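Single-letter residue listing:
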Amino acid sequence: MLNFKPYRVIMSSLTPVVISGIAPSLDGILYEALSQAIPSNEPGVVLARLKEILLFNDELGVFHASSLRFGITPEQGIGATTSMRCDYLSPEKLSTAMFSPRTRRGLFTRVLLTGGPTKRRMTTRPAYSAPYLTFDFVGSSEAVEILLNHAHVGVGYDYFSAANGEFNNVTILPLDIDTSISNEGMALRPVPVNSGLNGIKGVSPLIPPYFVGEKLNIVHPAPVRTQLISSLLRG
Amino acid sequence: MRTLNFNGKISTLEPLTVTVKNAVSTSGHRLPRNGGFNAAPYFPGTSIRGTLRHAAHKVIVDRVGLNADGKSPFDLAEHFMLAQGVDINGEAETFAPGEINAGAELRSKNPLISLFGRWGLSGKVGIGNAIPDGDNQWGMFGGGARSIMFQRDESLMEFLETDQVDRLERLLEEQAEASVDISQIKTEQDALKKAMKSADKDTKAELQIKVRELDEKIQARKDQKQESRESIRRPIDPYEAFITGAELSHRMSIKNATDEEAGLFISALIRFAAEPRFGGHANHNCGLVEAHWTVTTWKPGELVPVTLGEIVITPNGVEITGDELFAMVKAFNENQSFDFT
DNA sequence: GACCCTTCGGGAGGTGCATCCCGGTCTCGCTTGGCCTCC
DNA sequence: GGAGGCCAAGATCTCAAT
């Protein structure tokens with residue numbers, strides 16, 4: 001509840017972005033930032049505060065916060081990369097100063113690393129590398145600036161652990177038309193299927209956190225969309 | 001219950017390097033990049049997170065101590081729970097997926113699992129990448145070339161007996177012969193590769209077949225060698241690393257940090273400073289860093305940062321500034337309820 | 001212890017000669033049975 | 001004598017390069 005104007009936020013991508021099937025939405029990032037600012041994890045409290053900085057569309061039940069859209073320059077375009085996470089079992093970890101291994105004949109039973117419950121996990125995920133990341137929203141520019149600059153939030157999946165989707169140089173520039181939910185009849189964010197918007201069909205919650213709550217039949221845009229950075233700055 | 005944001009810099013006293021599978025091509029070794037070869041590299045936050053998790057694990061091991069017999073009181077299962085976060089025996093608590101604020105008791109008893117999570121319990125510690133500030137702060141370090149210790153220093157030949165000198169001569173001759181033969185095989189393989197693109201779709205198979213067979217001929221040729229399977233004299237490939245004195249921006253956070261969990265984190269950073277190195281190639285003393293973090297929090301009820309203090313890690317010592325940080329460390333040190341088993 | 005009067009110019013190079021060589025790695029991210037000793 | 005533990009075996013092949 002405030003004077004909310006439509007803004008476009010452009011951030012410089014520093015790390016490849018991992019997309020969990022559905023493109024990350026800006027309201028998700030702001031929800032995480034507010035869950036860190038408000039020392040509370042209750043969805044009710046965070047949503048109650050999030051509505052003070054993001055416009056909430058009662059009719060659709062979704063925040064005026066667009067999904068991720070990669071901004072490509074002529075110098076660099078959308079690329080394909082993998083997010084590599086591994087177990088590094090150093091000689092310190094495999095030492096008797098840390099744990100007491102089971103002993104047979106006095107020898108220490110070695111950790112079976114090729115497989116089993118104790119295997120080196122070579123977990124790899126697809127990631128996308130583009131020069132810029134762009135979101136559209138309607139809300140307080142000051143609060144969103146502060147949250148994006150100071151909170152521990154990234155764009156994508158598991159920024160807390162892997163630091164995927166690290167960004168900096170958050171630029172917010174005002175828009176003329178609200179392009180946060182719809183644009184020429186195509187949904188720009190997960191919206192209810194009955195909204196009449198076109199897009200890829202899927203099952204997901206409508207408000208953050210998107211891993212919690214009943215999953216309704218939604219319509220969302222393509223997970224990987226690219227726009228030229230020159231055309232994004234036009235506003 | 002508050003969020004502690006660590007914003008600061010990491011200065012490399014020595015070159016800083018890391019080997020990642022998808023960034024190391026066959027053409028050479030490269031740092032992780034968010035794009036092509038012209039993009040600026042970064043030091044992964046996963047490596048920093050692993051180093052700091054190991055430091056916290058060492059803090060816990062030191063705190064708990066050793067049993068009367070001198071053996072560590074952690075078995076393999078508890079060791080992997082603290083270190084990697086996996087549960088190998090299936091004895092871990094499986095919280096219901098619906099709730100978020102789960103494991104409150106476990107988070108209260110085991111600060112390390114609360115900071116750095118386990119499978120099924122999200123961790124409160126977020127550790128970001130180390131993004132460089134400049135534009136030419138990375139270079140191809142390492143390199144060098146392995147030599148033969150007896151062709152460089154002639155005084156070493158006086159130590160060898162006649163049979164050993166003969167063995168060395170045989171080794172050198174075999175190395176030269178194998179080098180020439182393998183060079184010929186590689187030449188033929190490359191000739192196949194150049195015409196591979198011009199080859200027809202049907203021919204796309206048997207050309208790869210001959211390349212494969214050439215590869216095992218190289219392997220068999222190296223197997224035929226007797227004195228040594230590998231050529232002692234060889235160029236060492238350089239590794240890419242951040243230059244000495246590179247300034248890297250680092251961001252770290254603890255989400256909903258109790259005084260005990262934040263105290264464990266500060267203690268881990270204190271213990272990390274004894275050997276403050278990230279990455280690998282430690283044989284060239286790579287990875288050694290110095291960092292200063294400005295610990296800050298959020299003002300309750302509004303979106304205004306509040307500075308609580310500052311942590312500075314230098315080769316000359318660790319400087320913790322701010323009464324709040326000392327309160328966190330003391331709270332961790334005084335707690336008598338933790339059970340990491 | 002009062003003050004003149006401060007120069008002209010000549011003339012600037014040429015040569016050789018530019019090397020040879022090595023020698024380019026090994027792992028690994030899975031599960032299961034066969035078999036060796038052990039408690 | 002399971003019971004711990006090790007070791008060898010199992011299909012075919014992966015193009016991106018300042």
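About the thresholds
Residues numbered from 1 in each chain as written, not as in the entry; some residues may be left out. Chains lettered and ligands numbered in written order. Part of a larger assembly, values for the part shown. Heavy atoms only, no water. Pairing = 2+ DSSP bridges. Helix = DSSP H or I, 4+ residues; strand = E, 2+ residues; numbered from the N terminus. UniProt positions renumbered as here; feature names shortened; annotations may be inferred. Near = heavy atom within 4 Å. Polar contact = N/O pair within 3.5 Å; in protein donor to acceptor, adjacent residues only side chain to side chain. Contact = heavy atoms within 4.5 Å. Buried area = accessible area lost by both parts, 1.4 Å probe. Salt bridge = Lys/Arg side-chain N within 4 Å of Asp/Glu carboxyl O.

cryo-EM is the method the PDB entry lists for this structure, together with a resolution of 3.1 Å.

Once that is clear, we can look at the sheet that holds strand 13 (residues 191-192) of chain A. Residue and element names in this part refer to chain A. As summarised here, the arrangement of the three strands in space is 13-15-14, forming an open sheet in which the pairing is antiparallel. Strand pairing shows two members of the sheet lacking a second neighbour, strand 13 and strand 14 (200-204), which therefore form its edges. Where strand 14 lies against strand 15 (residues 216-220), five bridges are found, and the strand directions are antiparallel. When the sheet's bridge partners are listed, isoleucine 200 is paired in strand 15 with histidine 220.

Within this structure's numbering, the places UniProt gives as "coiled-coil region" (unreviewed entry) are residues 168-231 of chain B. Taken end to end, residues 168-231 of chain B comprises 83% helix and 0% strand; its first and last C-alpha atoms sit 12 Å apart.

Turning to the protein's contact with DNA strand C, a few remarks are in order. Contacts to DNA strand C come from 19 residues, most closely from A:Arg104, A:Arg105, A:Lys119, B:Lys21 and B:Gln175. Within the side chain of B:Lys21, an N or O atom sits 3.0 Å from a base oxygen of DNA strand C. Separating a sugar or linking oxygen of DNA strand C from a side-chain N or O atom of B:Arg234 is a distance of 3.1 Å. Mapped onto the surface near DNA strand C, the elements with two or more residues apiece are helix 6 (162-198), helix 7 (203-224) and strand 5 (234-235) of chain B.

Chain B puts 47 residues into the contact, and the matching count from chain A is 55 residues. Between chain B and chain A lies a buried interface of about 4300 Å² when both sides are counted; carbon and sulfur atoms form 56% of it. Per-residue buried area on chain B facing chain A is highest for B:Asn34, B:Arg251 and B:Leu303; these three make up 17% of the total on that side. Counting the contacts that link chain B with chain A gives two salt bridges. The shortest N-O distance in the salt bridge between A:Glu92 and B:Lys58 comes to 3.9 Å. Remark: the boundary between chain B and chain A carries 21 residue pairs in polar contact.

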